[PDB]
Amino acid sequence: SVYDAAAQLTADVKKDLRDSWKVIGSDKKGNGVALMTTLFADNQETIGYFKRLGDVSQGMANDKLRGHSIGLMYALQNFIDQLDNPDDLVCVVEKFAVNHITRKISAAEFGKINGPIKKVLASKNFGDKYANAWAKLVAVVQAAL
């Protein structure tokens, strides 16, 4: 199932992912927080899963939120680094899904991250071409949920 989704990560898709990550991943704290705050702004209902983080309206200043945001970027770093070996990408994606499945986060709910990713990419001037590439990577994770 996840292997089939990984099959959509073509040579061109993997190239656009690496190129955009070279920029987005160069400031994990800044862009990681940008992603989370954008998710909360566009889909307020998702805050329900983050009660432990406390006052998420504090953004970057919220230590728990900042810690979570930085960590999120290392998961993506992991995914990007495994792009050339489907076997490793799949095992890393399935490992990642375990805790999210436990939290009862459906593929549909997880998909809400696509909007924020598109916006963050656009802030760095990476157009629709790149957003579509990232939507395909997210789809690999969705296949595991």
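Numbers for residues come from their place in the sequence shown, where the first is 1.
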Point to revise | Which of 65-73 and 92-100 has higher mean CA B factor, as the PDB entry lists it | key: 92-100
Review point. Of 5-13 and 127-135, which one has the bigger average CA B-factor?
Key: 5-13
Review point. Highest CA temperature factor in the entry: which of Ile117, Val33, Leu83, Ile47?
Key: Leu83
Review point. Considering only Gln58, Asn78, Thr38, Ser26, which residue's Cα atom bears the greatest B-factor as recorded?
Key: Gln58
